[PDB]
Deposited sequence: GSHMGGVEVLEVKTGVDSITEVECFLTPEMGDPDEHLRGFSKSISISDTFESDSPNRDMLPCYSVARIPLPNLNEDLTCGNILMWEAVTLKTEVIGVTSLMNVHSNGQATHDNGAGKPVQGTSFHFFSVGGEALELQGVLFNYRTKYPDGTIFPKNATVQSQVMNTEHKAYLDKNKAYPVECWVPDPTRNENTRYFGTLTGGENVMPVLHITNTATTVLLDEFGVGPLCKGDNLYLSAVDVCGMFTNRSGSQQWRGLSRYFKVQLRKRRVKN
């Protein structure tokens, strides 16, 4: 595809606005947004997490006005939704010390988002190649010990919700030319969430040549992970807590050959 001129006029722009809910495991009917309590295996060889203990990537495919012209994603506004809910320290939490308030959600986090004109492309990497991933997840197949550092057989598309576990997959930096992605892993038991919200911040999606993601088939792909940390209940057991993510994307019509 050669990239030619942007179309102008009143009908040459459009806006997509939506939210992506987190997929943390949802271990029962009251615990949407949470994972199952985490259990620890006795040995590397016996690691076999249940499905409801594994946070997964979220993805949405948004149809665009039907249009060679293609919609070009130019700017993004994005925000984690419900940051203040993490101030509930009065609900079945373990106390920080005798007579203290409950521990807030804290510890290891992953905040990630992407915007593309096609599915986010994934590369599989495993903490422990002998981990037995559960049915209903899509995970790196034919794992070897090299899968612990880099096995290039582990290629996938983020093309399904509640399916691709966060811990097995990262964006593939060798692909994804038609996607812009951003993530931060902050690891450690003592990690303290720092969540900013504002309606004044914009990310520009144009590459160095001034071209944004081009939406194949008139579809925009949004992807997210917002694992905010772990919630600790009274017994000390811990579970992941996630939050929804807002996306506002501006697009314009671009001609290509």
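The deposited sequence has C-alpha coordinates everywhere except the stretches 1-6, 74-81, 272.
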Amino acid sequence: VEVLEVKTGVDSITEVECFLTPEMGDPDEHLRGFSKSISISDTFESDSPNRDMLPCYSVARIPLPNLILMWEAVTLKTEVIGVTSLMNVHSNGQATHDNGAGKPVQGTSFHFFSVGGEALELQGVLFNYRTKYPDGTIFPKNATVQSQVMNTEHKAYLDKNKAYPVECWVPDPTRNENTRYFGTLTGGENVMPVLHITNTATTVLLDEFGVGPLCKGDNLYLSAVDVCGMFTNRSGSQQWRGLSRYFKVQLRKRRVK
From here on, numbers count along this sequence of modelled residues.
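Averaged over their C-alpha atoms, the temperature factors of 236-244 and 9-17 are higher for 9-17. Averaged over Cα atoms, the B-factor as recorded in the entry is higher for 131-139 than for the other of 131-139 and 109-117. Within the selection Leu214, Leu222, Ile68, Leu195, the deposited Cα B-factor values reach their highest point at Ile68. For the set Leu126, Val83, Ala95, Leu76, the maximum C-alpha B-factor listed in the entry falls on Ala95. In the PDB entry, a CA B factor belonging to the middle third of its chain's modelled residues is recorded for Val204.
Placement of the Cα temperature factor of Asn190 within the chain: highest third of the modelled residues, per the deposited record. Per the PDB record, residue ranking by Cα B-factor puts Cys228 in the lowest third of the chain. Split the chain's modelled residues into thirds by C-alpha temperature factor. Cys56 is in the lowest one. When all modelled residues of the chain are sorted by CA temperature factor, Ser37 is found within the middle third.
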